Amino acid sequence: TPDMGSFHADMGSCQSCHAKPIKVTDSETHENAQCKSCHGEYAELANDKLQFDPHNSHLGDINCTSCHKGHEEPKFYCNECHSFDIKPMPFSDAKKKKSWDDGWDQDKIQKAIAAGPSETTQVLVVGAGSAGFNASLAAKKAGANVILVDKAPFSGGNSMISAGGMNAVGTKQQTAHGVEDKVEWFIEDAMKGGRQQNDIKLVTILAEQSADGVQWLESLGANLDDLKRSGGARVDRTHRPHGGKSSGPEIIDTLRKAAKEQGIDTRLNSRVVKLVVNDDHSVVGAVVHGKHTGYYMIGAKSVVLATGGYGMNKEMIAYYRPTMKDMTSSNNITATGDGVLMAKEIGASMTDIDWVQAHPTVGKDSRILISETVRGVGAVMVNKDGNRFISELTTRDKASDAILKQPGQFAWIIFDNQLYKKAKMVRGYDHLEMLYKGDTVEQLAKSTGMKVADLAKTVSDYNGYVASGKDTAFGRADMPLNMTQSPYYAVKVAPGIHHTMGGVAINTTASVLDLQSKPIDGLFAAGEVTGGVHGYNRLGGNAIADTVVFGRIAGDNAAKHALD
C-alpha cells in the first residue's frame, strides 16, 4: 500500500512525525514542524530553476501537509486556482480519500451542543483572512483571550490573493506624492460607486479610520508605500507594497507573523458549523468541526464572524443571482458563505444580501482575472468557433452577458506580438502558462479548437476595420493595433463571480443585527461576510480597507463585550 508515512516509518518510526501516543492536532502543528526539522524551511528548499516552485510562492509559509499527505494521495494546492501542468508529486500512488470537510453532520452537532463547551475562550474569531486576523489582534490588545479558527489548510482566504492594495485618506504616502484628499471625497467616491445604496454610517467610519488602518498595518511591519489610483476614485489613494509583493500577500504575511508573535494560535482545518444560542437569544459559543478532533463546542462570551464572502457557494449564487449560476469565480475555494448561513439560521438580518459582483473575463482554465486593459490595448475577443460577438470596449456588464450568450459560455481574448511586447501582464499570463500560441492564425485556430475558416474571416475583417478605422461588424470604437506580427495568442476566459457585497447586517460597532435590526448579544462580524459597506458595488481597494477598519472594530468591541 506504500504511504508517505510508511516510507518514513520504514526508515525510522511513527514518532519521527507523530507524538508518542499518536494524536494529530487539527492544525497538524507537530507533524509539520517535523518536516521542517529534517528538510529545512522553504528557503532551504526553494529552487529557482523551477518554473513555478511549490516551495517559494505567494501563498507564503504554510503547512507542508497542505500538499504532501501523511497517508493519502497528495494535493498540488496551486491547481486549486492555477492550471500548472505538473508531473506527479512524490507518493502520488497513495490511497485517495474524500476531503475531511464533508458538510454539516447535524446529529454530531447536536451531540456537541448537549455535551456543553469542551473548552472556553473570551473571543472566538471565525476565519483567518485579513478581517479575522485584524479582529484577533485588536481583541488581544484589549486584554481578551482569543481563539482564531479557519477551516482551510492554511490562512488568508481571498485576502491573500488580492492585488490593488488598500484605500486610505490622510496618509503619509499621499503627502509625499503631493496628493490632496479629504475624508468627504472618500465617502462621496464610495457612495457613488455603490449607487448610493451603501450605509453612509459604515462608509464614514471606513473613510475616517483608513489612514490609521494603514499605519496599523505599518506598525506590524508591512510596506504600503506604492500610492496609486483606482477605478472610481477622484484622487490617488490605494496603497501597495513598494516593489515586492502584491498587497494581498504582503498584508497576509504580516498579519500571520503578527499573530504568531502575540501568541494567538490559529487553529487550521477547523470549520465552525453552528452558532450556539441560549434561551435568551445570546450567542454563547460555536460548534467546530475539527479535521482530526471531530465535533466539539467552544463556549465564548463573544463570537466574531470573519468568514469572507459567498462567491463559491453555488446554491447561494443560484438562489440570489440565477443569471450568474454558470459563471466561474476568481475566488479562493473557502468563500462558500458559511457565516451568512450560520447567522441567517439563528435569526440575524442581512443587508443587500443578493448583491454579487462578477468580472467579465476570468480565466476559464485557470481562475485568474484577465485584466480589461488587455482588451483596451488592442486585444480582440472571439467565440469558440473564432467569431466576434461585440465590441471589446463594451461594459463589464455587457461583456459577461455577451460571453454567457456564446457557445460553451466562454470566449477567447486574442492578440498578436505587437500586443505581446506592448503589454507585460499578457506575458505574466504567458509565464503562468495561460496562452494558446500559434505561429499562424490557422495554427492558433487548431490549438484553440476554433474554426479556421471563421477565425481567418475575423482577422482579415479586423485588419480591414483597423485599416479603415471603422468597425462595421460590431462597432469597436477604436483599434490601436492589428493582427499581423506572427506568434498569435489565445486565452480562455469567462465571466466570473468576484465579491459578494451583501452579507450579515451590522451596526457601526460591528455587532451583527437581528430581525428588529438590534445587536445580537455576543455576535460580531467584519469583512466580506458583512453587508452594507459597499452598497451595490465594491470599488478597488475598498474591500481590504473594510477588512482592516471593521476587523479591528469588531475584535475590539468583541473583547470589550467579553471584559466589561
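For every residue, the number given is its place in the sequence shown, counted from 1.
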property: Stretch exceeding the other in mean C-alpha B-factor - 130-138, 472-480; result: 472-480
property: Comparing 446-454 with 140-148, the one whose average Cα B-factor in the PDB entry is higher; result: 446-454
property: Identity of residue with top Cα B-factor, from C38, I62, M501, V504; result: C38
property: Residue with maximal Cα B-factor (values as given in the PDB entry) among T171, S83, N332, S302; result: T171
property: CA B-factor ranking of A222, expressed as a third of its chain; result: middle
property: For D352, the third of its chain into which the C-alpha B factor falls; result: lowest
property: Cα B factor band for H30 (lowest, middle or highest third within the chain); result: middle
property: Chain third (lowest, middle, highest) by recorded CA B-factor, residue given as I414; result: middle
property: Third assignment of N313 from its chain's C-alpha B-factors; result: lowest
